[PDB]
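We begin with a single chain expressed as structure tokens, specifically the form deposited in one PDB entry.
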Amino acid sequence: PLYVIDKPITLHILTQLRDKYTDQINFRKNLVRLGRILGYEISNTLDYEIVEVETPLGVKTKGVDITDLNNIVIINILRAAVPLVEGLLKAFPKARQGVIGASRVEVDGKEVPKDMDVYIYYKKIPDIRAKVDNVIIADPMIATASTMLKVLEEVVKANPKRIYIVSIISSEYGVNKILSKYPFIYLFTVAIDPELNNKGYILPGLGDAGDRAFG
């Protein structure tokens, strides 16, 4: 499943993120704000149950209960993902969090890269209950999808109920590379940009997330 959340407000925020004239502080704040929104969006795709509920007026009426809100595990790739994850956590108060610090190797090639090398420097995750937990992996940018793939390479092992991916911008290349390998993934993104350059950056994109957030 591919979800492109292009509502006014998310595009508005995305514009600010794209704007090279946005300082790191506001860059991060916007990233958190988006995380919260994308969380809301994911919420409505979550599996839920119909229930009945009684009101103070002594009458019963039917309602909804997204019990799955207790079966969420957010994976923090770290670095630029932090502010985004922060937003997601605010969205899912009862979510557990694990971290899989992965970093692709920045390299300048002759052609547009198809894959980068990614390494997991730190891993500490909660226990992902197979068939029960909804796992959400966040990463502001998905270029060659190499980073996401490395993380997924082992989130899938746990066989979660669902696996959501959340990013601000994903390249057409990355999106296809991921969904063709794991068609069951719910991929959420604010925008899908057309191309990558020789260094592996999304165009137009918004520059290097890490630098835009901490530089």
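Between two forms, the rigid core is defined as the largest C-alpha subset superposing within 1.5 Å. Numbers follow the displayed sequence, beginning with 1.
Mean CA temperature factor is higher for 51-59 when stretches 51-59 and 27-35 are set side by side in the entry.
For the segment pair 99-107 and 136-144, the entry gives 99-107 the higher mean B-factor, averaged over Cα atoms. Per the deposited coordinates, the residue with the largest Cα temperature factor out of 112, 72, 82, 89 is 112. Residue 10: CA B factor in the lowest third of modelled residues in this chain (values from the PDB entry).
Ranked against the other modelled residues of its chain, the C-alpha B-factor of residue 203 as given in the entry falls in the middle third. Annotation for residue 195: C-alpha temperature factor in the highest third relative to the rest of the modelled chain, per the entry. Residue 151: CA B factor lies in the highest third for its chain, per the PDB record. Among all modelled residues in this chain, the alpha-carbon of residue 158 has a temperature factor (C-alpha) in the highest third.
Unshown form deposited in another entry; subsequent notes refer to it.
Superposed on the core, the two forms barely differ at residue 79: its CA moves less than 2 Å between the shown form and the other one. Core-superposed comparison between the shown form and the other one: the CA of residue 99 stays below a 2 Å shift.
In the core-superposed comparison between the shown form and the other one, the C-alpha atom of residue 126 has shifted by less than 2 angstroms. Shown here is a form in which the CA atoms of residue 111 and residue 150 lie at least 3 Å farther apart than they do in that other deposited form.
Compared with the form shown, the residue 111-residue 153 C-alpha separation decreases in that other deposited form, the change being 3 Å or greater.
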